[PDB]
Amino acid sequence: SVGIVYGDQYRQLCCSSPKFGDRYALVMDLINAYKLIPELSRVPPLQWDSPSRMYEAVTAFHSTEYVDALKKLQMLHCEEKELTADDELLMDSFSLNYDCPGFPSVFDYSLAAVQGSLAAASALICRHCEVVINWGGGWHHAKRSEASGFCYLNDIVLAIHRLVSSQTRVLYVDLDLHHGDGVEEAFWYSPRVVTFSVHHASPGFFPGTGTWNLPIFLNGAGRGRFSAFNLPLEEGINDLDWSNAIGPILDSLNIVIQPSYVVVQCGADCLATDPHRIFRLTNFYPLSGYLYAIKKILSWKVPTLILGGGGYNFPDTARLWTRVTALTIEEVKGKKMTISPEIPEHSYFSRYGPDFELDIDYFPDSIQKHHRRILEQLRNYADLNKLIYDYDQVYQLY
């Protein structure tokens, strides 16, 4: 069974934000326009018995003063009156400002993705599904008491915390263009959650982390030392180079960690057509670096949560995540999925102009240093955690 999170109120909440507009509705309507929904198990988003239960779930990672502040932020933006100077000061102290502005449903919007990614984790845990997809989630920048990168609540941290609490190890794979700093930070002292983010990094580029700090590469503290992995890449990298850079790392993490679950953040802003215009990945399925990585992770047969994230060209994000969705269905059920190269007619058909194809409209040694560095960190992690593994099989992956 492959699961997918949605519901009518959930789609409305995921579409109420000023920054991601209707992206979620394009994504699920293209998945549905391609008749994928009957192949998928609808996973409904989690609801709670009371305010206290919701609070106890969210403050599993977030500080209640921050949860209080984010709820107050919604109240203030549902009135017509300006914030007081005191309330601006309060919001600033949580970075609820600038890139994380308030808006009338910011708290419900932010919490939907928590409700979605918690239900996805539960569906994996009771073994109802082997993979669950949540395209409303994947907000990896949110920190304990701080908004960041338009992430107000870290739904991934919460879902990961719910899987690891059911030895139970989790491997977190972050394919987003940006460094998954909030997730990496939450589990910085924890060795049961190995995080690996591949991203672009360059001076002044958001969020700033995931790279050299001679400067050193930090990678965990305490019992968690060597448990945060990072591959930063320069601009222009295409599908094949990105694939080759990430593939051996993915395979060696699986061999050595033997994760009980895999959580994948699939931010679509690496696409060549994302307005960031940093990377050159595609959604091509002859090969898309995204599809290479999902298929590799799915070949491990570990229960897996696939999450969204960045993606600012909304129709191409829809084009990526549709292919990811059918690829999961193929790989898990074993059932050939035949996708028309033409976009089908549906509500949002006119957004996929002017060509209406499913392919996106794009025509196409420092990594070896990073590879030796990471393999050494993996040996160190295996050492520190009394984990038995063949150095030669793993060293053979490169």
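The first residue of the shown sequence is 1; numbering continues from there.
Per the compared records, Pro215 is unresolved in at least a third of the other entries whose models span it.
Where coordinates are absent for parts of the deposited sequence, a chain break appears; between neighbours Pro286 and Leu287 it spans 10 or more residues. According to the record, 4 to 9 deposited residues between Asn213 and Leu214 are left without atomic coordinates. The question of which stretch, 66-74 or 335-343, has the higher mean Cα B factor is settled in favour of 335-343. Taking the mean C-alpha B-factor of each stretch as recorded, 389-397 and 3-11 are not equal, and the higher mean is that of 389-397. Of the residues listed, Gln115, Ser122, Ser165, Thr325, the entry assigns the biggest Cα temperature factor to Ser165. Out of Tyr55, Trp48, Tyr34, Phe61, the entry records its largest CA B-factor for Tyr34. Sort the modelled residues of the chain by CA B factor and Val256 lands in the highest third. When all modelled residues of the chain are sorted by CA temperature factor, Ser227 is found within the middle third. Ranked against the other modelled residues of its chain, the C-alpha B-factor of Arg319 as given in the entry falls in the middle third. In the PDB entry, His200 places in the lowest third of its chain by CA B-factor. Sort the chain's modelled residues by C-alpha temperature factor and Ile160 lands in the lowest third, per the entry.
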